[PDB]
Amino acid sequence: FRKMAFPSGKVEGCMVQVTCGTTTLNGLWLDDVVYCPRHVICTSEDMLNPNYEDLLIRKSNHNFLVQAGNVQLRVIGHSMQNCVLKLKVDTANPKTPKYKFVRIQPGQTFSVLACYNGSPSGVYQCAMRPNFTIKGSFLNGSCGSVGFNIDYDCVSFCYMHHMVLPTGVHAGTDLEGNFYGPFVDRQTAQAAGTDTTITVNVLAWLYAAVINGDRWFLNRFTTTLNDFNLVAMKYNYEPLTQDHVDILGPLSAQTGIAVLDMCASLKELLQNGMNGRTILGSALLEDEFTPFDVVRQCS
Amino acid sequence: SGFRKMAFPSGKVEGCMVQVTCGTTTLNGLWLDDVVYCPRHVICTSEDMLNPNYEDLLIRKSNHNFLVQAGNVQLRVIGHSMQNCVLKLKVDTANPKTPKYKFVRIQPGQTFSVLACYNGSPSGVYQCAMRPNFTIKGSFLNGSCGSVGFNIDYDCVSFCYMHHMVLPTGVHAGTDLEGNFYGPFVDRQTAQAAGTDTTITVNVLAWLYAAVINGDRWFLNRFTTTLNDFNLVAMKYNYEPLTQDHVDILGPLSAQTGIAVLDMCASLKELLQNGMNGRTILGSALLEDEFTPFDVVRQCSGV
Ligand SMILES: *[C@@](O)(CO)[C@H](C[C@@H]1CCNC1=O)NC(=O)[C@H](CC(C)C)NC(=O)c1cc2c(OC)cccc2[nH]1
Ligand SMILES: *[C@@](O)(CO)[C@H](C[C@@H]1CCNC1=O)NC(=O)[C@H](CC(C)C)NC(=O)c1cc2c(OC)cccc2[nH]1
C-alpha cells in the first residue's frame with residue numbers, strides 16, 4: 001500500500017498568484033472569482049496583530065494584483081468571508097472544473113497541490129488529524145495552496161493553507177475561510193491539542209490486510225460500539241461515530257467481517273500488542289488510509 | 001517545514017493519455033505530437049502473450065486494427081511501427097496539449113512520478129524510485145499498462161518509464177520510452193524473478209538528513225567512520241556502496257545541517273547494527289531509501 005494523490009491537472013488550471021504590496025501568495029481561480037488567504041493584505045508587521053476589517057477598509061480593487069502566470073486578471077470586486085478573500089475578476093476561468101466546497105472531518109484524506117508564486121510544484125496525500133493539523137510539506141510562499149478530492153469529474157476542495165505550527169505541522173481553512181481547529185491567522189506560535197490515532201482508518205487498514213490474506217489478528221469476539229469507544233480512548237484512539245461505522249460498510253460486506261467484530265480484534269491488538277508480528281508487513285498500525293483509499297487501491 | 005513523498009503535478013501528462021485497443025486487449029497510450037506510444041503486447045491475444053513472436057504478430061495487423069480513443073474522440077491511425085517493446089501509432093491528428101518533452105533512461109536510485117491510468121483515464125499520481133535491481137514498487141492494477149513515469153524540469157516533461165508487468169513478489173517492471181526494459185525482464189506472460197533487491201544507500205543518508213532538518217536527531221552519534229569501513233558494513237547488510245560522487249552530492253545537506261557525510265554514515269552504521277529499537281524516523285519504522293538527495297534539498301532547503 002502507498003499514499004496516492006489524485007491527478008492534479010484540474011486543480012493546476014485554477015492556480016493563480018495574488019499580491020498586495022510586496023505580500024504574495026497563491027489563489028484559486030474558479031469561474032470569475034479568485035479565493036485566497038485574507039492575510040495577503042498585510043504587511044509583515046501587520047500580521048503580528050491584524051485587524052482585518054480595518055486593514056481591508058483601506059484596500060480597493062485596484063490594490064490587488066492577480067496573475068495567471070504573468071498575465072494580470074483585473075480585479076472588479078472584493079469581499080471577506082471569514083479568513084478568505086474573494087476577488088471578483090473580469091475573466092471567467094476557462095479551465096474551471098466541476099467543483100464544490102466541502103468541509104471534511106478528521107481522518108479524511110485529500111491531495112495537496114503545493115504551489116509557489118501561483119505555480120504548482122508538487123502533489124501529495126495528507127490526512128486531517130484529530131487535532132486539526134496536517135503533516136504537510138510547505139515552504140515560504142505556499143499559503144493558498146489547496147487540498148482536494150476528485151469524485152468522477154467533480155473536484156471537492158476542502159483545504160486552503162495558512163499556517164505552520166511550532167511543531168512543524170500545518171493548519172488551514174476550508175474554502176469558506178473557517179479554520180480547521182482552534183487556530184487563527186496571526187504571526188504567532190500556536191499549539192495544537194494532543195493528537196490521537198484515527199480509529200476508523202486503522203480499521204480500514206485491518207480490512208485491507210484481510211482482503212490480502214493477512215488475517216492472523218481476527219479473533220473470536222465482538223463488542224458494543226460504546227464499550228469499544230471507551231477502551232479505545234484509553235489508548236489515545238479516537239472514538240468511532242455512526243458515520244465511521246457506515247463508511248466501513250463496504251469493506252465489512254466484502255470481507256464478511258462485521259464492523260464490531262473487527263473492533264473487537266483491534267481492541268485485542270491494543271490491549272495485548274502485536275507479539276512481534278506484522279500486519280501488511282509492518283509493526284505499525286497505519287491510520288492515514290481511509291476506507292475509500294483502501295477500496296481505491298484494491299480496485 | 002515537513003517532508004512528504006511528493007510527485008510532480010500531473011496535468012501536463014494527463015493531457016496526453018489515451019486508450020488503445022486491439023482485439024479484446026485494451027491498455028493506455030501516450031499521445032505526443034502525432035504519435036501514440038503504448039506497450040506492444042496490445043497487439044496480442046491471450047494465447048499470444050505466452051510466447052509472442054512480436055514481429056510476426058505485428059506484420060499481420062493493419063492500421064485499422066488499432067482503435068485509439070482520446071476522451072470521446074477516436075483518432076485515426078495512419079501508420080504504425082515498433083521500437084523494442086513499444087508500439088508507435090501514427091495518428092492523423094497532433095495532440096494539441098503536447099508539452100515540451102524528452103525521453104530519458106533513468107539511473108537506478110533515481111526517482112520519478114507515476115501517473116497511474118486505466119482505460120486512458122488518469123487515476124492517481126505517486127513517486128517511485130528505480131530500484132538497484134531495476135524493479136519499481138508501484139501501485140498498479142489490471143489495465144494499468146501504458147501508464148508512464150516522468151520528471152518535470154521547468155516546463156519540460158522527461159518521460160522515463162512505461163508500465164508493462166507485475167512480478168510474483170508484487171513489484172513492477174517496465175520499459176523506457178524507447179521500449180527497452182529496465183532489468184532482465186521480458187514482455188511475455190511468465191512469472192519472472194528479479195535480482196537481489198539492495199538498498200539505495202545515498203538515499204537513506206539523504207532521508208536521515210531530512211529527519212535532522214525536521215528536528216529529529218535521536219539516531220546521531222559522536223562517532224565517525226571512514227568511507228571504506230562504512231561500505232564494508234553497508235554491503236554486509238545488502239546496501240549499495242557509497243561512492244565519492246554520492247558523498248559530494250550530499251554536500252549541500254551536510255552544509256545545511258553541519259553534519260559531515262561520514263558522521264551520518266556512522267549513524268547509519270549504528271542503525272544497521274542495532275536496529276531502531278521500536279523508535280521511528282520521520283514516522284517510519286524502516287529506513288527509507290526512495291528519496292534522492294535532490295528530493296530532500298528541494299523540500300528542505302532553507303528550513
Ligand atoms: C504562507 O505562505 C503565508 O502567506 C505561510 C506558510 C508557512 C511558511 C513556511 N511554511 C508554511 O507553511 N504562512 C505564514 O507565514 C503564517 C502567516 C500568518 C497567517 C499571518 N505564519 C505562520 O504560519 C507562523 C508564524 C509563527 C510564529 O510567529 C511568531 C511562531 C511560530 C510559528 C509560526 N508560524
Ligand atoms: C498490463 O495492463 C497488461 O496490458 C498488465 C499490468 C499488470 C496487471 C496486474 N498488475 C500489473 O502491473 N501487465 C500484464 O498483465 C503482463 C503482460 C505481459 C507484458 C504480456 N504480465 C504480467 O504482469 C505477468 C504475467 C505473470 C505470470 O504469468 C504466468 C505469473 C506471475 C506474474 C505475472 N505477471
# chains A, B, ... in the order shown; residues from 1 in each chain; ligands from 1
>>> closest_atom_pairs(of="chain B", to="ligand 2", cutoff="6 Å", atoms="only C-alpha atoms and all ligand atoms", output="CSV")
residue,atom,partner,partner_atom_place_in_ligand_line,distance
B:27,CA,ligand 2,4 (O),5.4
B:41,CA,ligand 2,20 (C),5.7
B:49,CA,ligand 2,20 (C),4.9
B:140,CA,ligand 2,12 (O),4.8
B:141,CA,ligand 2,10 (N),4.4
B:142,CA,ligand 2,8 (C),4.0
B:143,CA,ligand 2,2 (O),3.8
B:144,CA,ligand 2,2 (O),4.3
B:145,CA,ligand 2,2 (O),3.5
B:164,CA,ligand 2,13 (N),4.9
B:165,CA,ligand 2,23 (O),3.5
B:166,CA,ligand 2,23 (O),4.0
B:167,CA,ligand 2,32 (C),4.7
B:168,CA,ligand 2,32 (C),4.7
B:187,CA,ligand 2,19 (C),3.9
B:188,CA,ligand 2,20 (C),4.2
B:189,CA,ligand 2,25 (C),4.1
B:190,CA,ligand 2,28 (O),3.6
B:191,CA,ligand 2,30 (C),3.6
>>> interface_residues(of="chain A", to="chain B", cutoff="7 Å", atoms="only C-alpha atoms", output="list in words")
residues 4, 5, 6, 7, 8, 9, 12, 120, 121, 122, 123, 124, 135, 136, 137, 138, 139, 168 and 169 of chain A
>>> write_last_selection(atoms="C-alpha atoms", output="mmCIF file, in the first residue's frame")
data_model
loop_
_atom_site.group_PDB
_atom_site.id
_atom_site.type_symbol
_atom_site.label_atom_id
_atom_site.label_comp_id
_atom_site.auth_asym_id
_atom_site.auth_seq_id
_atom_site.Cartn_x
_atom_site.Cartn_y
_atom_site.Cartn_z
ATOM 1 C CA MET A 4 -1.559 8.027 -3.897
ATOM 2 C CA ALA A 5 -2.671 11.545 -4.769
ATOM 3 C CA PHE A 6 -5.429 12.443 -7.252
ATOM 4 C CA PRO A 7 -4.240 13.582 -10.695
ATOM 5 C CA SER A 8 -3.723 17.250 -10.170
ATOM 6 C CA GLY A 9 -4.372 18.760 -13.593
ATOM 7 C CA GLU A 12 -3.380 23.177 -11.629
ATOM 8 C CA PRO A 120 2.182 24.189 -8.945
ATOM 9 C CA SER A 121 5.210 22.442 -7.552
ATOM 10 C CA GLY A 122 4.196 19.063 -6.148
ATOM 11 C CA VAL A 123 1.282 16.882 -5.138
ATOM 12 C CA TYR A 124 0.899 14.571 -2.134
ATOM 13 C CA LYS A 135 1.533 16.781 8.218
ATOM 14 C CA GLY A 136 2.235 18.709 5.038
ATOM 15 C CA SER A 137 5.385 19.816 3.316
ATOM 16 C CA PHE A 138 5.203 23.566 2.870
ATOM 17 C CA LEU A 139 7.802 26.270 2.449
ATOM 18 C CA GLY A 168 6.221 21.760 12.097
ATOM 19 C CA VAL A 169 2.710 20.572 11.288
#
>>> residues_around(residues="residue 125 in chain A", least_positions_apart="6", cutoff="8 Å", atoms="only C-alpha atoms", output="ChimeraX atom specification")
/A:3-5,109-112
>>> residues_near_ligand(ligand="ligand 1", cutoff="8 Å", atoms="only C-alpha atoms and all ligand atoms", output="number ranges by chain")
A: 23-25, 37, 39-40, 42, 47-48, 137-144, 161-166, 170-171, 184-190; B: 1
>>> closest_residue(among="B:29, B:252, B:179, B:109", to="residue 67 in chain B", atoms="only C-alpha atoms")
B:29
>>> select_by_dssp(residues="range 78-243 of chain B", states="helix (DSSP H, G or I)", output="list in words")
residues 201, 202, 203, 204, 205, 206, 207, 208, 209, 210, 211, 212, 213, 227, 228, 229, 230, 231, 232, 233, 234, 235 and 236 of chain B
>>> write_last_selection(atoms="N, CA and C atoms", output="PDB file, in the first residue's frame")
ATOM      1  N   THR B 201      21.749   3.346  -0.695  1.00  0.00           N
ATOM      2  CA  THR B 201      22.398   3.937   0.486  1.00  0.00           C
ATOM      3  C   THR B 201      22.388   5.466   0.457  1.00  0.00           C
ATOM      4  N   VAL B 202      22.790   6.070  -0.665  1.00  0.00           N
ATOM      5  CA  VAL B 202      22.851   7.546  -0.712  1.00  0.00           C
ATOM      6  C   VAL B 202      21.487   8.155  -0.388  1.00  0.00           C
ATOM      7  N   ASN B 203      20.417   7.455  -0.764  1.00  0.00           N
ATOM      8  CA  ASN B 203      19.061   7.925  -0.476  1.00  0.00           C
ATOM      9  C   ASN B 203      18.739   7.792   1.005  1.00  0.00           C
ATOM     10  N   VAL B 204      19.111   6.670   1.632  1.00  0.00           N
ATOM     11  CA  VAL B 204      18.865   6.562   3.072  1.00  0.00           C
ATOM     12  C   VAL B 204      19.556   7.692   3.789  1.00  0.00           C
ATOM     13  N   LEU B 205      20.783   8.027   3.365  1.00  0.00           N
ATOM     14  CA  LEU B 205      21.508   9.120   4.028  1.00  0.00           C
ATOM     15  C   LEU B 205      20.789  10.454   3.809  1.00  0.00           C
ATOM     16  N   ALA B 206      20.293  10.680   2.615  1.00  0.00           N
ATOM     17  CA  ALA B 206      19.555  11.914   2.384  1.00  0.00           C
ATOM     18  C   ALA B 206      18.351  11.995   3.305  1.00  0.00           C
ATOM     19  N   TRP B 207      17.657  10.886   3.471  1.00  0.00           N
ATOM     20  CA  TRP B 207      16.457  10.901   4.288  1.00  0.00           C
ATOM     21  C   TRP B 207      16.791  11.098   5.761  1.00  0.00           C
ATOM     22  N   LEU B 208      17.896  10.500   6.245  1.00  0.00           N
ATOM     23  CA  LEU B 208      18.384  10.860   7.591  1.00  0.00           C
ATOM     24  C   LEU B 208      18.632  12.354   7.724  1.00  0.00           C
ATOM     25  N   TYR B 209      19.254  12.993   6.723  1.00  0.00           N
ATOM     26  CA  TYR B 209      19.437  14.449   6.791  1.00  0.00           C
ATOM     27  C   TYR B 209      18.097  15.173   6.825  1.00  0.00           C
ATOM     28  N   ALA B 210      17.146  14.740   5.989  1.00  0.00           N
ATOM     29  CA  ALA B 210      15.786  15.294   6.077  1.00  0.00           C
ATOM     30  C   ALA B 210      15.203  15.184   7.479  1.00  0.00           C
ATOM     31  N   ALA B 211      15.428  14.056   8.153  1.00  0.00           N
ATOM     32  CA  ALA B 211      14.917  13.876   9.501  1.00  0.00           C
ATOM     33  C   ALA B 211      15.555  14.880  10.446  1.00  0.00           C
ATOM     34  N   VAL B 212      16.859  15.137  10.276  1.00  0.00           N
ATOM     35  CA  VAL B 212      17.547  16.126  11.121  1.00  0.00           C
ATOM     36  C   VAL B 212      16.992  17.520  10.848  1.00  0.00           C
ATOM     37  N   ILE B 213      16.871  17.882   9.573  1.00  0.00           N
ATOM     38  CA  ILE B 213      16.328  19.192   9.211  1.00  0.00           C
ATOM     39  C   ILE B 213      14.947  19.401   9.817  1.00  0.00           C
ATOM     40  N   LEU B 227      35.165   5.998   4.728  1.00  0.00           N
ATOM     41  CA  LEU B 227      34.247   5.602   3.672  1.00  0.00           C
ATOM     42  C   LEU B 227      34.319   4.095   3.437  1.00  0.00           C
ATOM     43  N   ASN B 228      35.524   3.558   3.368  1.00  0.00           N
ATOM     44  CA  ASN B 228      35.630   2.119   3.123  1.00  0.00           C
ATOM     45  C   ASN B 228      35.038   1.314   4.272  1.00  0.00           C
ATOM     46  N   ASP B 229      35.303   1.697   5.532  1.00  0.00           N
ATOM     47  CA  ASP B 229      34.760   0.901   6.638  1.00  0.00           C
ATOM     48  C   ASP B 229      33.246   0.986   6.674  1.00  0.00           C
ATOM     49  N   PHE B 230      32.693   2.126   6.275  1.00  0.00           N
ATOM     50  CA  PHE B 230      31.242   2.205   6.134  1.00  0.00           C
ATOM     51  C   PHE B 230      30.743   1.247   5.049  1.00  0.00           C
ATOM     52  N   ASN B 231      31.386   1.253   3.883  1.00  0.00           N
ATOM     53  CA  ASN B 231      30.936   0.422   2.787  1.00  0.00           C
ATOM     54  C   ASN B 231      31.019  -1.042   3.161  1.00  0.00           C
ATOM     55  N   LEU B 232      32.017  -1.411   3.974  1.00  0.00           N
ATOM     56  CA  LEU B 232      32.117  -2.817   4.366  1.00  0.00           C
ATOM     57  C   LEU B 232      30.859  -3.234   5.104  1.00  0.00           C
ATOM     58  N   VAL B 233      30.414  -2.393   6.033  1.00  0.00           N
ATOM     59  CA  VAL B 233      29.223  -2.697   6.827  1.00  0.00           C
ATOM     60  C   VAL B 233      27.985  -2.597   5.957  1.00  0.00           C
ATOM     61  N   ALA B 234      27.909  -1.573   5.100  1.00  0.00           N
ATOM     62  CA  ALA B 234      26.753  -1.431   4.230  1.00  0.00           C
ATOM     63  C   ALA B 234      26.560  -2.661   3.324  1.00  0.00           C
ATOM     64  N   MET B 235      27.622  -3.130   2.678  1.00  0.00           N
ATOM     65  CA  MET B 235      27.482  -4.275   1.800  1.00  0.00           C
ATOM     66  C   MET B 235      27.056  -5.511   2.568  1.00  0.00           C
ATOM     67  N   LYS B 236      27.508  -5.625   3.822  1.00  0.00           N
ATOM     68  CA  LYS B 236      27.112  -6.762   4.656  1.00  0.00           C
ATOM     69  C   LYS B 236      25.602  -6.799   4.833  1.00  0.00           C
TER      70      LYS B 236
END
>>> atom_distance(atom1="CA of residue 195 in chain B", atom2="CA of residue 242 in chain B")
19.7 Å
>>> residues_around(residues="residue 62 in chain B", least_positions_apart="5", cutoff="10 Å", atoms="only C-alpha atoms", output="PyMOL selection string")
chain B and resi 77-80
>>> residues_around(residues="residue 136 in chain B", least_positions_apart="3", cutoff="6 Å", atoms="only C-alpha atoms", output="mmCIF file with N, CA, C and O atoms, in the first residue's frame")
data_model
loop_
_atom_site.group_PDB
_atom_site.id
_atom_site.type_symbol
_atom_site.label_atom_id
_atom_site.label_comp_id
_atom_site.auth_asym_id
_atom_site.auth_seq_id
_atom_site.Cartn_x
_atom_site.Cartn_y
_atom_site.Cartn_z
ATOM 1 N N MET B 130 13.582 4.061 -9.145
ATOM 2 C CA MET B 130 14.068 2.927 -9.942
ATOM 3 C C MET B 130 15.003 2.167 -8.993
ATOM 4 O O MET B 130 16.032 2.715 -8.610
ATOM 5 N N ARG B 131 14.646 0.953 -8.584
ATOM 6 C CA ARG B 131 15.488 0.199 -7.604
ATOM 7 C C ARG B 131 16.778 -0.307 -8.251
ATOM 8 O O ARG B 131 16.872 -0.421 -9.480
ATOM 9 N N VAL B 171 6.251 -6.482 -7.016
ATOM 10 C CA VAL B 171 6.932 -5.290 -7.546
ATOM 11 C C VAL B 171 6.665 -5.261 -9.044
ATOM 12 O O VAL B 171 6.050 -6.178 -9.607
ATOM 13 N N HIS B 172 7.126 -4.174 -9.700
ATOM 14 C CA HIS B 172 6.712 -3.882 -11.069
ATOM 15 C C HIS B 172 7.893 -3.673 -11.992
ATOM 16 O O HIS B 172 8.996 -3.341 -11.567
#
>>> atom_distance(atom1="CA of residue 298 in chain A", atom2="CA of residue 213 in chain A")
12.9 Å
>>> closest_residue(among="A:16, A:159, A:268, A:256", to="residue 127 in chain A", atoms="only C-alpha atoms")
A:159
>>> select_by_dssp(residues="range 75-160 of chain B", states="strand (DSSP E)", output="NGL selection string")
:B and (75 or 77-83 or 86-91 or 100-103 or 111-118 or 121-129 or 148-153 or 156-160)
>>> residues_around(residues="residue 71 in chain B", least_positions_apart="2", cutoff="8 Å", atoms="only C-alpha atoms", output="PyMOL selection string")
chain B and resi 18+69+73-74+120
>>> write_last_selection(atoms="C-alpha atoms", output="tab-separated table (two decimals), in the first residue's frame")
chain	number	residue	atom	x	y	z
B	18	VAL	CA	-5.34	7.87	-24.45
B	69	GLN	CA	-9.73	6.80	-28.13
B	73	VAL	CA	-12.82	11.27	-29.80
B	74	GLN	CA	-11.44	8.40	-31.86
B	120	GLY	CA	-6.89	6.04	-20.94
>>> decode(residues="range 1-27 of chain B", atoms="C-alpha atoms", output="PDB file, in the first residue's frame")
ATOM      1  CA  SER B   1       8.612  22.501   7.114  1.00  0.00           C
ATOM      2  CA  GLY B   2       7.623  18.834   6.763  1.00  0.00           C
ATOM      3  CA  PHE B   3       8.848  16.074   4.466  1.00  0.00           C
ATOM      4  CA  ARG B   4       6.478  14.058   2.331  1.00  0.00           C
ATOM      5  CA  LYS B   5       6.757  11.687  -0.597  1.00  0.00           C
ATOM      6  CA  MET B   6       5.812  14.176  -3.320  1.00  0.00           C
ATOM      7  CA  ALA B   7       5.056  13.739  -7.034  1.00  0.00           C
ATOM      8  CA  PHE B   8       5.230  16.308  -9.799  1.00  0.00           C
ATOM      9  CA  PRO B   9       1.935  17.879 -10.778  1.00  0.00           C
ATOM     10  CA  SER B  10       0.496  15.527 -13.369  1.00  0.00           C
ATOM     11  CA  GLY B  11      -1.542  17.807 -15.603  1.00  0.00           C
ATOM     12  CA  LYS B  12       0.969  18.022 -18.471  1.00  0.00           C
ATOM     13  CA  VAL B  13       0.914  14.243 -18.674  1.00  0.00           C
ATOM     14  CA  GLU B  14      -2.840  13.821 -18.165  1.00  0.00           C
ATOM     15  CA  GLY B  15      -3.386  15.737 -21.391  1.00  0.00           C
ATOM     16  CA  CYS B  16      -1.511  13.009 -23.254  1.00  0.00           C
ATOM     17  CA  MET B  17      -3.213   9.839 -22.018  1.00  0.00           C
ATOM     18  CA  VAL B  18      -5.342   7.874 -24.446  1.00  0.00           C
ATOM     19  CA  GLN B  19      -6.840   4.381 -24.675  1.00  0.00           C
ATOM     20  CA  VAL B  20      -5.520   1.796 -27.155  1.00  0.00           C
ATOM     21  CA  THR B  21      -7.481  -1.307 -28.105  1.00  0.00           C
ATOM     22  CA  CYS B  22      -6.585  -4.168 -30.418  1.00  0.00           C
ATOM     23  CA  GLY B  23      -8.988  -7.103 -30.433  1.00  0.00           C
ATOM     24  CA  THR B  24     -10.142  -7.690 -26.870  1.00  0.00           C
ATOM     25  CA  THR B  25      -6.953  -6.134 -25.451  1.00  0.00           C
ATOM     26  CA  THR B  26      -7.092  -2.571 -24.108  1.00  0.00           C
ATOM     27  CA  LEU B  27      -4.440  -0.527 -22.282  1.00  0.00           C
TER      28      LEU B  27
END
